[PDB]
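> My structure is below; once you've seen it, I'll send some questions.
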Ligand SMILES: *[C@@H]1O[C@H](CO)[C@@H](O[C@@H]2O[C@H](CO)[C@@H](O[C@@H]3O[C@H](CO[C@H]4O[C@H](CO)[C@@H](O)[C@H](O)[C@@H]4O)[C@@H](O)[C@H](O[C@H]4O[C@H](CO)[C@@H](O)[C@H](O)[C@@H]4O)[C@@H]3O)[C@H](O)[C@H]2NC(C)=O)[C@H](O)[C@H]1NC(C)=O
Ligand SMILES: *[C@@H]1O[C@H](CO)[C@@H](O[C@@H]2O[C@H](CO)[C@@H](O)[C@H](O)[C@H]2NC(C)=O)[C@H](O)[C@H]1NC(C)=O
Ligand SMILES: *[C@@H]1O[C@H](CO)[C@@H](O[C@@H]2O[C@H](CO)[C@@H](O)[C@H](O)[C@H]2NC(C)=O)[C@H](O)[C@H]1NC(C)=O
Ligand SMILES: *[C@@H]1O[C@H](CO)[C@@H](O[C@@H]2O[C@H](CO)[C@@H](O)[C@H](O)[C@H]2NC(C)=O)[C@H](O)[C@H]1NC(C)=O
Ligand SMILES: *[C@@H]1O[C@H](CO)[C@@H](O[C@@H]2O[C@H](CO)[C@@H](O)[C@H](O)[C@H]2NC(C)=O)[C@H](O)[C@H]1NC(C)=O
Ligand SMILES: *[C@@H]1O[C@H](CO)[C@@H](O[C@@H]2O[C@H](CO)[C@@H](O)[C@H](O)[C@H]2NC(C)=O)[C@H](O)[C@H]1NC(C)=O
Ligand SMILES: *[C@@H]1O[C@H](CO)[C@@H](O[C@@H]2O[C@H](CO)[C@@H](O)[C@H](O)[C@H]2NC(C)=O)[C@H](O)[C@H]1NC(C)=O
Ligand SMILES: *[C@@H]1O[C@H](CO)[C@@H](O)[C@H](O)[C@H]1NC(C)=O
Ligand SMILES: *[C@@H]1O[C@H](CO)[C@@H](O)[C@H](O)[C@H]1NC(C)=O
Ligand SMILES: *[C@@H]1O[C@H](CO)[C@@H](O)[C@H](O)[C@H]1NC(C)=O
Ligand SMILES: *[C@@H]1O[C@H](CO)[C@@H](O)[C@H](O)[C@H]1NC(C)=O
Ligand SMILES: *[C@@H]1O[C@H](CO)[C@@H](O)[C@H](O)[C@H]1NC(C)=O
Ligand SMILES: *[C@@H]1O[C@H](CO)[C@@H](O)[C@H](O)[C@H]1NC(C)=O
Ligand SMILES: *[C@@H]1O[C@H](CO)[C@@H](O)[C@H](O)[C@H]1NC(C)=O
């Protein structure tokens, strides 16, 4: 279920990422307004509904600017600068949970997010335009 | 026009699916708030605008989790279990309309929707991650 | 920065399109509701956030119906009919700004936008369905 | 013009079964306990309202409404009325030996 | 709750007028129609008319037309039925009927009945 | 093989109801705070409505289970309370009125009101109609039940055509059968952007200013043979009525508070004359005959008419609004003959203290209109109720306007709100490129 693998290893958790993906917006299975009756609750509810779209659309927007809109897992060609983390493959994916990973690299994630938009998708598209020119 | 091919055969209707896709959200040609006046109609209008986005974003989310975000027609590799429907190709696409199709398989569509997210896009991405490792 | 290259040549401006793309929705770095206080400003604010979603979702919808959802730059196979503009390649990308272009072709953009959805993505998908049949 | 018989026989374990002919016959059936107001037992010839036992049921025909009660008891001795919109039937008294 | 309570039983003289009230409590009195139906002790029950408490909109059979007037007091949720020109053949028990706890919007049949008002004249 | 293939934008719908939306015509000629149905912020509609005719399909309709008439009736009530919210309260007017007659139907009442000063008291006179005053030496009719908020003289009660429009993601299905029963399938349906011009009139027994029929008169009810629901006799042709208030009334402004101004009826000059309406005689004579032909199709014998037996004054008469004044026209002269320019003249009495919708709360006071009043009733329907349990030789259809949703059902019978589900799964011979 939702956030079920929060304490599991990254390899086990990476298989059920679709479950956490469904629940950020819906939303509309649980209610539509609800117009079966027709107040403090009405204003509060609407601001929740607007906010759930604001957070969801930011993530698809960020995934969009990294050229990863359609996919939940995408690989890139920006290399991993070692100053961010010194840990190896086996020390990360089979021994650590996602909770403890976010705690250590959160300081420099912003310029990593800057590397994802500049280094690849802004270079790849200019190169891909020059590639399909012929 | 919008919903024009609702009584036509599936082959004829499948050519003009863009028309129904356009009008699901807009929306913004008819109004923006409107800020030309600056009431019961204001609260009523706003709750409809939120609902129109919220329902629209559910379908692109479902298409996203099936790896079909960018496309209106996508093919998969989940096989069609015969218990859902026993009809053949010529008995479906050139003799029946979409309205009568939704009526008969609606019981198991949720389990089918479970197959689209688990069987392919959750398996394809793990395999595709394991494929681009080399 | 945002809209920084509005007076530069199209070639120079086309490299930093990600900057203008980020700012149509966010949005959520500046505020979320805000739930730190708990009025005329509250109703005014909410109508801005709804409007910011709805216009933004139009552009990804239009890009979606042109099969360009994930990309900021996409090439097509609808040819450019000369009645729209008679200018050449060097008279457009290295001597003119995006501003003066929008003023001159805005009259027929709607039937161009009709060509992007019909001529390619509605034909390409039917052909691509007929192509993966074997 | 909505008619029904006056007395039909019955026994505990044997079904009591009433005919009711007429135009749009048997829209509702009422069990009038002797002393108080009647109470609806079935509406729309076969549907069952809340607050009545499962053994109360009705069957429809072309023009005759057949109310069938199975598993009689001594407390079910009452007058049964067949109604059609604003019309009403004659009345049928239960007979249990 | 969701019940109909009537007035005491009355016995009058021929020609006189009797008022049979039926107060309603526990539910939306205005939204549901108030029907009135008779039952002679030894005859089939005969239907008088209905009265919805929005504006009153009373309906009558010709066997009671010009003799019965139904009024209401919606502030106290009371539905009335007054008979004029009482004769010898106007003896029955008088029931107020409505339809609340049913899923049928057709207005018939009746499910909630009053306590009863036996009128002998 | 057969692998699923999802299509986005399929033309399939489900029966589901949503929140509608006003969209009035591009007629922002306001110049004053007016149009209590549009109010401030009802948006302009599409100048070119995209009416899209469909074929090839038969979809069922149910005009009595329609949720649009529940949503429209809730809006018109909400517009009624919202427009009266900033208007002038008539709380200090509920005092002992000293009324003397004029001869008539107008009583000359003098009462006692506080001025803008909270200590000084003034004595002013006003003309009040007879059914606006109950005996006590007189008071207003409902000062001991609820408060009275008079209508603001700036706003107008003229019903402009408003289009109820479903939002993005929904659709409105318009049935196009010329002789269309209501409940039952419709062979020729058309999805539209939204509805036609709907006038939100208030009227009992006589549906004024609506949509007309094309082929013939259609008689509409839930069950017909059931006597409990009103019968909507939707007309083919429309009769002509000239209603009037042919007495000269002056508007008197009575000072009752700071900003709160009480506009009463001043001195009447000219002739004391009754308000009347002329519903032809020839067009109505032909109208009732064509109604008889449709009513004889659902029966087998003669059918007669008779006026309303009882109820409140606002259903026994024919109520409507005629240039800001509410009429109550005695329609006994209409449904009199028993069937199987020499005009008929309906005596109409005017009320000012009106309690519309019978909801316990605001009951507005319509301010008088200076000068003569003339309007145009048009009639595109009738409201009839069947009589009780009777002999088969003949039946009576008493007129009657019940809940106001029957007024909207005469114009919202064509439409139906469905939700669009553009996701659809259908198997084909196509399969995507395999990973391995
Ligand atoms: C059913 O539908 C019919 C339409 O077929 C309606 O009949 C019309 O009703 C409207 C509103 O009641 C009438 O419009 C009003 O007419 C008044 C009289 O017009 C004369 O006087 C003016 C001014 O001297 C002249 O310009 C005009 O040519 C006429 O000679 C006007 O006084 C009204 O004006 C309003 O706005 C102005 C501007 O703010 C104010 O100064 C006024 O005080 C007033 O508020 C208004 O225009 C119309 O005349 C009727 N007839 C026709 C043929 O359209 C029925 O009323 C309607 N019935 C129901 C029950 O809905
Ligand atoms: C009443 O109940 C039973 C079951 O409904 C009746 O059986 C049939 O009833 C139908 C209609 O009520 C008749 O058309 C059939 O002819 C009946 N079949 C038989 C074999 O009787 C039955 O008539 C009644 N039961 C009794 C009298 O005990
Ligand atoms: C009026 O309502 C009655 C029931 O309340 C309907 O009568 C039923 O009609 C169906 C077919 O339409 C029959 O199969 C049933 O046997 C009838 N009776 C009952 C008790 O359900 C009647 O059809 C309705 N009138 C119209 C014109 O639809
Ligand atoms: C189905 O109904 C539609 C709508 O009423 C009809 O289309 C319109 O009606 C007349 C008669 O055909 C035409 O002159 C109009 O021009 C039509 N409108 C448009 C936009 O074309 C249609 O004809 C009906 N079809 C059938 C078979 O009854
Ligand atoms: C209604 O009654 C009032 C009582 O004050 C009348 O007002 C006065 O009437 C006398 C005539 O008897 C005049 O001399 C005064 O000038 C009036 N006073 C005011 C302030 O107008 C009023 O005329 C009566 N109206 C009608 C139509 O009878
Ligand atoms: C109601 O009034 C209308 C006009 O206000 C009358 O219609 C006009 O009648 C005159 C002769 O009386 C004709 O010359 C006009 O051509 C008519 N105009 C229209 C638009 O029809 C109508 O006769 C009146 N009806 C009644 C019953 O009084
Ligand atoms: C509507 O008008 C009719 C007649 O035009 C009224 O009916 C009768 O009118 C006569 C006067 O000519 C009275 O003496 C009777 O008492 C009236 N009633 C009956 C039953 O005959 C009718 O009263 C008028 N409607 C209202 C509400 O007053
Ligand atoms: C409607 O039905 C006819 C008759 O079978 C068919 O020829 C036609 O293709 C269908 N669709 C349209 C849009 O006419
Ligand atoms: C109005 O007030 C005066 C004195 O202020 C009093 O004499 C009179 O009885 C009051 N009522 C009326 C005129 O109805
Ligand atoms: C209000 O006053 C009228 C005047 O006769 C009276 O009939 C009615 O009963 C009063 N209402 C209440 C609730 O007392
Ligand atoms: C209305 O007429 C249609 C005609 O086909 C019929 O099917 C339907 O039962 C009718 N409904 C009523 C309530 O009479
Ligand atoms: C009404 O019509 C009938 C027959 O159509 C006729 O006998 C009668 O005289 C007509 N009435 C008037 C006033 O024209
Ligand atoms: C019915 O009333 C009208 C109204 O004036 C009258 O002209 C007519 O003679 C009356 N007819 C009958 C049969 O009462
Ligand atoms: C009133 O009826 C006439 C019929 O002569 C019609 O032409 C006119 O359009 C109607 N008025 C409205 C507002 O519909």
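> Of all the C-alpha pairs in region F:224-308, what % are more than 22 Å from each other?
56 percent
> Separation between the residue F:14 and residue C:73 pseudo-spin-labels, each 7 Å from Cα along Cα→Cβ, expressed in nm?
Going from the residue F:14 label point to the residue C:73 one covers 4.3 nm.
> Over chain B, what lengths in whole Å, largest first, do the semi-axes of the equivalent ellipsoid take, defined as the square roots of 5 times the eigenvalues of the alpha-carbon gyration tensor?
34, 24, 14
> Another question, if that's okay. Please list the three semi-axes, largest first and in whole Å, of the ellipsoid equivalent to region C:54-104, using sqrt of 5 times the eigenvalues of its alpha carbon gyration tensor.
Those come to 25, 15, 11 Å.
> Okay, next question. Measure out, as a whole number of angstrom, how far apart the alpha-carbon centroids of region F:59-122 and region B:64-134 sit.
Each part reduced to its Cα centre gives a spacing of 61 Å.
> When the label point is put 7 Å from the Cα of residue D:53 along its Cα-to-beta-carbon vector, which residues of region D:61-97 have a backbone N closer than 18 Å?
Once the point is set 7 Å along Cα→Cβ of residue D:53, D:67-81, D:93-97 turn out to lie under 18 Å by backbone N, inside region D:61-97.
> When the gyration tensor of chain F is built from Cα positions, what are the square roots of 5 times its three eigenvalues, in whole Å, from largest to smallest?
The equivalent ellipsoid of chain F has semi-axes of 46, 30, 18 Å.
> Which log10 I(q)/I(0) values does region F:280-356 give at q = 0.22, 0.23 Å⁻¹ under the Debye formula, counting every alpha carbon as one identical point scatterer?
Normalising to I(0) and taking log10 leaves -1.06, -1.10.
> Once the Cα atoms of the protein assembly as shown are picked out, what are the Rg and Dmax in Å?
35.9, 111
> By counting other Cβ atoms within 10 Å of each Cβ, how are F:326, D:81 ranked from fewest to most?
By the 10 Å Cβ count, ascending: F:326, D:81.
> Same structure, new question: Using a 7 Å offset from Cα along the direction of the beta-carbon, what are the separations from residue C:6 to the same position in each other copy, nm, ascending?
4.4, 4.4
> Further question: Run the quick spin-label model on residue E:67 and residue E:9: label points 7 Å from Cα toward the beta carbon, then report their separation in nm to one decimal.
So the label points at residue E:67 and residue E:9 sit 2.1 nm apart.
> Okay, helix-only estimate at 222 nm for chain A: each DSSP H run of n ≥ 4 adds -39500 (n - 2.57), divide by all residues, round to 500 deg cm²/dmol; what do you get?
Mean residue ellipticity, 222 nm, calculated: -13000 deg cm²/dmol.
> Shielding of F:381-391 by partners, i.e. mean partner chain Cβ atoms within 10 Å per residue?
4
> Would you calculate, for chain F, the mean residue ellipticity at 222 nm contributed by helices, counting each DSSP H stretch of 4 or more residues as -39,500 (n - 2.57) and dividing by all residues, to the nearest 500?
About -3000 deg cm²/dmol.
> Using the per-residue mean of other Cβ atoms lying within 10 Å as a proxy for protection, in what order, highest first, do the peptides A:66-76, C:39-49 fall?
Ranking the peptides A:66-76, C:39-49 by packing returns A:66-76, C:39-49.
> Right, another one. For region D:1-19 and region D:44-97, what is the separation of their Cα centres, given in Å?
9 Å
> From zero up to wherever the largest Cα-Cα distance of region F:155-306 sits, split into 5 Å bins and tell me the percent of pairs in each.
Once binned at 5 Å, the Cα pair distances of region F:155-306 give 2, 6, 9, 14, 15, 14, 11, 8, 7, 7, 5, 2, 0, 0.
> At what distance in angstrom do the alpha carbon centres of region F:392-436 and region F:252-318 lie from each other?
A separation of 35 Å, based on Cα centres.
> Here is a follow-up. Using per-residue counts of other Cβ atoms within 10 Å, averaged over each peptide, order E:89-99, F:21-31 from highest down.
Highest to lowest by the protection proxy: E:89-99, F:21-31.
> Given axes a ≥ b ≥ c from the Cα gyration tensor, I'd like to know whether region F:394-436 is rounded (a/c under 1.5), prolate (a/b larger than b/c) or oblate.
Prolate, because a/c is 1.5 or more and a/b exceeds b/c.
> Something else now. I'd like to compare B:51-63, C:110-122: which one has the highest average count of other Cβ atoms within 10 Å, and what's the full order after that?
B:51-63, C:110-122
> Taking the convex hull of the Cα atoms, report for chain D its projected area averaged over all directions, in nm².
That works out to 5.8 nm², a quarter of the Cα hull's surface.
> Choose one answer from D:47, D:55, D:36: the residue with the largest mean-square fluctuation in a GNM of chain D with alpha-carbon springs under 10 Å.
Most flexible of the set in this elastic network: D:36.
> Inside 10 Å of the C-beta atoms of F:207-217, what's the mean count of C-beta atoms belonging to other chains?
0
> Here's something else I'd like to know. With the cut-off at 18 Å, report for region C:23-96 the share of all Cα pairs above it, as a whole percent.
Percentage above 18 Å: 64.
> Over all residues in C:44-50, what is the mean tally of Cβ atoms on other chains that come within 10 Å of each residue's Cβ?
Taking the mean over all residues of the peptide, I get 5.
> Here's a follow-up. Can you give the Rg to Rh ratio for region F:260-394, taking only C-alpha atoms and Rh from Kirkwood?
Using Cα coordinates only, the ratio equals 1.04.
> Further question on the same structure: Using only Cα atoms, figure out Rg for region F:111-187 and give it as a multiple of 2.2 N^0.38 Å.
So the Cα radius of gyration is 2.18 times the expected 2.2 N^0.38 Å.
> Also, quick follow-up: Wrap a convex hull around the Cα atoms of region F:1-138, take a quarter of its surface area, and give that in square nanometres.
Mean orientational projected area (region F:1-138, Cα hull): 18.4 nm².
> When the distances between all Cα atoms of region E:3-119 are binned every 10 Å from zero, what whole-number percent does each bin get?
For region E:3-119, the pair-distance distribution reads 14, 49, 31, 6, 0.
FYI, it's all coordinate maths here, none of it is from the lab. In this analysis, Cβ positions are derived from the backbone assuming ideal geometry, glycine residues included, and neighbour counts consider all displayed protein chains.
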